[PDB]
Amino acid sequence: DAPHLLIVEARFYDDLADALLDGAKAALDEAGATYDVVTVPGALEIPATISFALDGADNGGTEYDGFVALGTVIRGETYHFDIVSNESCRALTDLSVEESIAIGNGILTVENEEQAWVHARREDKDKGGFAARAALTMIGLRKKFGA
């Protein structure tokens, strides 16, 4: 009965990811919703992962009620960052419309390493927390419309 979410986390900063993962798990537990957790090389692999789960569920696998996307992108000195942030947000959003699914977007786009934690921890910004609530919020509507 209680929604079972699939948390897809992209981690390069074990410390940071742990903050978001905790943040997301926090809000989810308080809401009393079960969940699994898979790990991917980067934010860009999050969409495909969700896509894998949907395909699996269509083959009798776990039929998730919603998904939470966690990851951290910091704009360093290389150009391989602005692209990740944009395209990940784009893919996730399209996937959400295309597959008519609930997806909490916790892919944080931070400038420096500092803001990464400000937004990471659940005590401060708790962006991982909002992601879960967003997910559940979306799961709620998804249910409401009986999609």
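Just count from 1 along the sequence shown to find any residue number.
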Tell me which of 98-106 and 77-85 has the higher mean C-alpha B-factor in the deposited entry. 77-85
State which stretch shows the higher mean Cα B factor in the entry: 45-53 or 27-35. 27-35
Residue 115's Cα B-factor: lowest, middle or highest third of the chain? highest
Sorting the chain's modelled residues by C-alpha B-factor, tell me whether residue 20 ends up in the lowest, middle or highest third. highest
